[PDB]
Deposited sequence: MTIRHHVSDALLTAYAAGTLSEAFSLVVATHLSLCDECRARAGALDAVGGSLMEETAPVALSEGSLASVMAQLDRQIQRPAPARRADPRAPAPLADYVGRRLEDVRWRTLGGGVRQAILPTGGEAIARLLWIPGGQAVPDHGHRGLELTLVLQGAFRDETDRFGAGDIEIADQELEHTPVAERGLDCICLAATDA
């Protein structure tokens, strides 16, 4: 099962499109892994669709339709890395530009717009990420295995939301090797 979901407020910001790219990529990667949050967000989407339909139209310039119709095309990979993450990795998650850091962890800082940062984590076997406070909200999605930290167990597909008032030490659970996608602002 998946028990750790995208929060309502991050769903609402996803729905709106008002999220920095780092925060969108984690959230959307959780949607590709979690049908629960797809439905959660797809209902938030219904709200904007409803908003749009009831928006008082603004006319486009004369000739706009025929101009679009002229250019119509008329009658014309790693199961750990789904959705929009496959874009940032390009086949094989084990193959990126890693930086070992260094009590058993390695990371890749993923290229994004916005002011929030996006990185892959790699926490092997029984290795613990050294304790990190947060310079903002933090988002963590497990792509392989599991890890123990906060108050809970997080497994493949689960999403951790960490605040600014949170000191924590993410230790990987034994067995598989824990690969994550994280997001900070």
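If you line the structure up with the deposited chain, the stretches without a C-alpha atom are 1, 78-85, 195.
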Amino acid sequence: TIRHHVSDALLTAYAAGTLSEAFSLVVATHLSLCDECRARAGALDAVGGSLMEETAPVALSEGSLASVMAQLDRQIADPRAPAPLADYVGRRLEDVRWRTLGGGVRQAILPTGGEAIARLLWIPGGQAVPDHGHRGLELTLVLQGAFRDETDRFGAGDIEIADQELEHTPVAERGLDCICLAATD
From here on, numbers count along this sequence of modelled residues.
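The deposited CA B-factor of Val27 belongs to the lowest third of values across its chain. Among all modelled residues in this chain, the alpha-carbon of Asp158 has a temperature factor (C-alpha) in the lowest third.
Per the PDB record, residue ranking by Cα B-factor puts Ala15 in the lowest third of the chain.
Per the deposited record, the Cα B-factor of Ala128 falls in the highest third when ranked against the other modelled residues of its chain. In the deposited entry, the Cα temperature factor of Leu121 places it in the highest third of its chain's modelled residues.
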